[PDB]
Structures are given as structure tokens and as C-alpha cells.
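Quick setup: one chain, the form deposited in one PDB entry, written in C-alpha cells, and binding and motion questions come after.
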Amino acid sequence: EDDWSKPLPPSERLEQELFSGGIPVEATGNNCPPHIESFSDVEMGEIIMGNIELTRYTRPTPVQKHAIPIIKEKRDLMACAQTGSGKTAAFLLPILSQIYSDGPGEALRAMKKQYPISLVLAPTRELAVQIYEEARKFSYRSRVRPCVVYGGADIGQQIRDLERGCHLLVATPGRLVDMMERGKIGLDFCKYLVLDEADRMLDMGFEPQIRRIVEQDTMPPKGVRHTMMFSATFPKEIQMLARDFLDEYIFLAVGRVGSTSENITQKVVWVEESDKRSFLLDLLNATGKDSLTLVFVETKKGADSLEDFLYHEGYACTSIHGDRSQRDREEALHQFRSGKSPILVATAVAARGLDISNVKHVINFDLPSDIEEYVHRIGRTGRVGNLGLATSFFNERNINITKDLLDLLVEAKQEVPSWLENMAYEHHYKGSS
């Protein structure tokens, strides 16, 4: 049989291809394996150590010091770390290491529809490619062929890439489901599940697809598969997702766990329904050359009406809602992402699963009845380096979220309209006399 631990012949055109480019730590859980200080503190194999040297990694990052020995000891992981912490290599290195050591497993040898040994789920195309490229570096001179798929691109070329073999699959949840329904991917032998930037995936409304992939198909249950979740923040829906997806897991926090709606400037203004169009025009006239603007409306009839208004007023824009054919919605998303139509009108429901690459300005033309939905919507702007802007139109129709919105603005240390805190005021708490 095949030896998956002993490296394949090199290829320096491929080497130049791959490798010629540019404080507190909390760990809680039961029987947590001790952290490492060097990559050699645990045995990650011949192939991994060789590829580590090609990538010129000299010392493990904080998150790698703790996560790598955890994953290698086959323990589930909930990790709160931010971008630039080296979390990609933190799960790729021990996973690939174990695959080299263990091999494909008797199933894939008795067969040799693609069956990934490892699956990494990402919110966006950009992050998906980042993970994919790192995987190529560490799968070099091995028999693990990494593949990446994502929406907004030709599925035909992605299917072709898949059929050349994939043992590690990086995917956005929507395109993976599409591959599964088309019968191109099976999860029967997926032993390594990774959710990278899980919080943003839920922001973009990927949770149903994720739970369909993990819980409703053929993927091994927890305790059999090894599952790792990485998230910058730790809101309640992530905690619930962690409890459901993880078994006997270690909680790792590198730095302070990020706040909800961080890196976002939020403005709330009072606008009557009749004035929302004109008010929007003033907001659009304070827009840069092409900074992408995402406008949320409640209904599809409202979306069409708004776009019709914007078109007549001379604005380059497009729309995405349910009453559109799929050919129109895919082209609309293409024209938004390319800046040809820098203004996207969309209902929240239609925006779900779409790779809208965090715009510079989110405008809540209509506010939701739900503050958790508000958090998901404004999450469509703001990163780490780029401060995002979220402007919301508020009137009597939104009175039910007055207090939650106020509380959120205060927690995020944002500006509060004096009329908003006035409307939220409760005389019960003043006291007698």
C-alpha cells in the first residue's frame, strides 16, 4: 500500500511558485494538552517540517503554540483569535500532519464522487483562497491535493478541478451544498471539519447551509470527526453552535475576544416613510469614487421601487430580490463586486449566502423587527483596517426595537440621538417622590 508519510519528489518550479512571496492567552477545558514553544516540541512528520522551513516559519505564533498540540491530540477546539494571528496554519499544520501519518483510511484505498478527508468552511471567496494557498504550501511533496470552491464563479471549472482529486476541500457553504446536490462531493469520510471566521459566516446568513452540511448529510458525528471553530467574536449564536458541533473541547482565547459590531460607525436618523427616498439621495451624494454601498429594504416590491427611483435619478445601481431570475441576480452581484454598479439594493433574505465583500457603507433603508438581524446586516461592513459605516432609517414602525438598538449603540460606544434615548425612557425606574 501507499506511504503517505514519506515525501514525494520535489519540483523547484513549483517551489518558486509556492514559497517566493511575502498578548494574553486563555485556555480552558478538560485535560488540555500543554502548549508548545517550538514546532519540534511535537512530532508533525517529515513532510510538514520540510514545508515549514520552505515557508520560513521559525517559531509558532501564540495561537499556534496552543492550538497545534490541541488538534494533534485529537481534541475539539473553539478558538477566539483575530486575523494575522496565524490561525490558518494553526489548523492546517496538525490536520495535514495526521493525514500523512494515518493515511487515507481503508475506505479510500478500497475505492482508489469525491470524498474529502478534511473540510474547511469559509464565509468569502477571498478567505477561501487564502486558506487554499496556505494548504498548497503544506501539502507540497505530499499526496494530499487541496481544492477550493466558492460562489460567484464558474461551477464547471470548479467541478473539473474537484475531479482531479481533493483530500482537503476549502469551501463557502453555498457552493459546497451545490456540489453535494450535484453528486460531486460525499462527506462519508470527512474526519476534519474546520469553521474559519464562523461569526461572519452567520452574519452572512450561512447557518442553515452549515447545519445542513454538518448535521443533515453523511458527515461523521462529533466524537468521530474532529471539529475546530475559529471566530474573532463570541456571540450567543456562536456559543450555541460550539455546543452543538463540538465534543469535549478546549476553549482558546488569544487576546481579548472581539466585541459585537466592532470597527463600525453606526448612525441612526429619524425618517418618515415618505422621505426615505430623498434622504437616501443625500447619503449617496457623500459617497466616494467607488466605495460599495449596500442598501437593505424589507420587501421585494420595495427593492424594485427603490432601484427604479435610483435609476431615474441617474445613479449606477442594481438590485437583488426573490422576484428576479437567477441569471439576473448573479450578474447583479457581479456588477456590484466589480464596481460597475456600486449601489446594491437588496432584501435581507435575498442577501443570504451571497459573497458581498464587506462594503464601505451599509444603509438600513428599512430597519428589521429584530436586533439580531440588525447585527447581522451591519456586519456586512467593517473589517480591521477599514472602519465601516452603517446608517439606519428609523420611524414609528421601528418603535419595538427602540431599547435594543439604544443598548447596542451604547455598548458599541456610538453616538446616540437624543430623541432615541428619550423615546426609550421608562418612568418606573425614577422612584417615589
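Basically, rigid core = biggest C-alpha set you can superpose within 1.5 Å across the two forms. Start at 1 and count along the sequence shown; that's the residue number.
- In the record comparison, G22 is unmodelled in at least a third of the other entries of this protein that model the residues flanking it.
- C32, present in the displayed chain, carries coordinates in each of the other PDB entries compared that cover both sides of it, far from a third leaving it out.
- Gap check for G22 to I23: 10 or more deposited residues are absent from the model.
- Unmodelled residues of the deposited sequence between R164 and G165: none, the chain being continuous.
- In this entry, 250-258 shows the higher mean Cα temperature factor of the pair 250-258 and 69-77.
- Of the two stretches examined, 135-143 and 281-289, the record assigns the greater average C-alpha temperature factor to 281-289.
- Within the group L406, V375, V384, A390, the record's highest C-alpha temperature factor is found at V384.
- Across the residues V359, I213, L127, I238, the deposited record lists the maximum Cα B factor for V359.
- Ranked by C-alpha B-factor against the other modelled residues of its chain, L14 falls in the highest third.
- When the CA B factors of the chain's modelled residues are split into thirds, the value for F336 lands in the highest one.
- Remark: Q326 belongs to the highest third of its chain, ranked by C-alpha B-factor as recorded.
- Ranked by C-alpha B-factor against the other modelled residues of its chain, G105 falls in the highest third.
- Looking at the C-alpha B-factors along this chain, the one for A316 belongs to the middle third.
Beyond what is shown, the protein has a form deposited in another entry; the following relates to that form.
- In the core-superposed comparison between this form and the one not shown, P342 has its Cα shifted by at least 2 Å.
- Core-superposed comparison between this form and the one not shown: the C-alpha position of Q266 differs by no less than 2 Å.
- Cα-Cα spacing of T61 to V384 is reduced in the other form versus the present form (difference of at least 3 Å).
- CA of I68 to CA of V384: closer by 3 Å or more in the other form than in the shown form.
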